[PDB]
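Trainee: Before we start, here is the structure in question, set down as structure tokens.
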Amino acid sequence: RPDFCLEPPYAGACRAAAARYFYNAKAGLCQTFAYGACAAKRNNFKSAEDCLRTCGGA
């Protein structure tokens with residue numbers, strides 16, 4: 001799996017709900033973001049299929 005795919009989102013304080021997705025190294029699946037979670041630099045795919053494609057696979 002791509003290094004950056006291992007990069008998790010930081011939970012601080014920021015409003016966001018874009019149609020982006022990221023990989024969850026701790027769950028093997030992606031997420032369309034939630035809560036005040038900020039968008040990750042590398043860990044951000046335009047689509048979950050995109051995340052799973054690059055980050056996922058197995």
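Convention: chains lettered A, B, ... in structure tokens order; per-chain residue numbering from 1; ligands numbered from 1 as shown.
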So that I can see what lies close to residue 38 (chain A), please list as JSON, numbers by chain the residues with an atom at most 7 Å from it, counting only C-alpha atoms and leaving out residues fewer than 2 positions away in the same chain.

Mentor: {"A": [9, 10, 11, 14, 16, 36, 40]}

Trainee: Residue 20 (chain A): which residues within 12 Å, counting only C-alpha atoms, same-chain residues fewer than 3 positions away excluded, as an mmCIF file with C-alpha atoms, in the first residue's frame?

Mentor:
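Final output, saved to around.cif:
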data_model
loop_
_atom_site.group_PDB
_atom_site.id
_atom_site.type_symbol
_atom_site.label_atom_id
_atom_site.label_comp_id
_atom_site.auth_asym_id
_atom_site.auth_seq_id
_atom_site.Cartn_x
_atom_site.Cartn_y
_atom_site.Cartn_z
ATOM 1 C CA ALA A 16 -15.657 20.436 6.319
ATOM 2 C CA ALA A 17 -17.741 17.926 4.394
ATOM 3 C CA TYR A 23 -7.613 5.419 3.657
ATOM 4 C CA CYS A 30 -11.659 4.446 3.376
ATOM 5 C CA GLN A 31 -13.828 7.241 4.740
ATOM 6 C CA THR A 32 -15.634 10.244 3.248
ATOM 7 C CA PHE A 33 -14.443 12.313 6.226
ATOM 8 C CA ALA A 34 -16.536 13.189 9.280
ATOM 9 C CA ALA A 37 -11.774 16.258 10.782
ATOM 10 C CA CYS A 38 -9.612 18.316 8.434
ATOM 11 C CA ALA A 39 -8.785 17.265 4.872
ATOM 12 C CA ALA A 40 -5.469 15.422 4.560
ATOM 13 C CA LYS A 41 -2.791 16.512 2.086
ATOM 14 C CA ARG A 42 -2.000 13.138 0.506
ATOM 15 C CA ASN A 43 -4.750 11.085 2.137
ATOM 16 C CA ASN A 44 -7.493 12.562 -0.038
ATOM 17 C CA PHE A 45 -9.136 10.826 -3.004
ATOM 18 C CA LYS A 46 -11.813 12.334 -5.245
ATOM 19 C CA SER A 47 -13.722 9.073 -4.780
ATOM 20 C CA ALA A 48 -13.810 6.121 -2.403
ATOM 21 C CA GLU A 49 -13.314 3.888 -5.411
ATOM 22 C CA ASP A 50 -10.221 5.960 -6.100
ATOM 23 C CA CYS A 51 -8.981 5.540 -2.517
#

Trainee: So that I can check the surroundings of residue 3 (chain A), please list as a list in words every protein, DNA and RNA residue that reaches within 9 Å of it, counting only C-alpha atoms and ignoring chain neighbours fewer than 3 positions away.

Mentor: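 Final neighbour list, sorted by chain and number: residues 6, 7 and 55 of chain A.
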
Trainee: Generate a file of the selected residues that holds C-alpha atoms, formatted as a PDB file, in the first residue's frame.

Mentor:
ATOM      1  CA  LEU A   6      -1.055   5.325   5.881  1.00  0.00           C
ATOM      2  CA  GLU A   7      -1.489   9.016   6.739  1.00  0.00           C
ATOM      3  CA  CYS A  55      -4.826   2.588  -1.092  1.00  0.00           C
TER       4      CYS A  55
END

Trainee: Counting only C-alpha atoms, what is within 10 Å of residue 1 (chain A), bar same-chain residues fewer than 5 positions away, as a PyMOL selection string?

Mentor: chain A and resi 6+25+54-58

Trainee: In terms of the shortest atom-to-atom distance over only C-alpha atoms, which of A:26, A:5, A:35, A:15 is closest to residue 52 (chain A)?

Mentor: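 Checking each of A:26, A:5, A:35, A:15 against residue 52 (chain A), counting only C-alpha atoms, the winner is A:5.
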
Trainee: Taking only chain A into account, list the residues labelled helix (DSSP H, G or I) by DSSP (computed from the backbone), as a ChimeraX atom specification.

Mentor: /A:3-6,48-54

Trainee: Once you have the residues from the selection above, write them out as a compact mmCIF listing (two decimals), in the first residue's frame, restricted to C-alpha atoms.

Mentor:
# COMPACT_ATOMS: atom_id res chain seq x y z
CA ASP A 3 3.03 5.27 2.08
CA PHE A 4 0.77 8.34 2.15
CA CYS A 5 -2.22 6.00 2.33
CA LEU A 6 -1.06 5.32 5.88
CA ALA A 48 -13.81 6.12 -2.40
CA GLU A 49 -13.31 3.89 -5.41
CA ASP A 50 -10.22 5.96 -6.10
CA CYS A 51 -8.98 5.54 -2.52
CA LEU A 52 -9.64 1.79 -2.49
CA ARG A 53 -8.03 1.50 -5.92
CA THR A 54 -4.75 3.11 -4.86
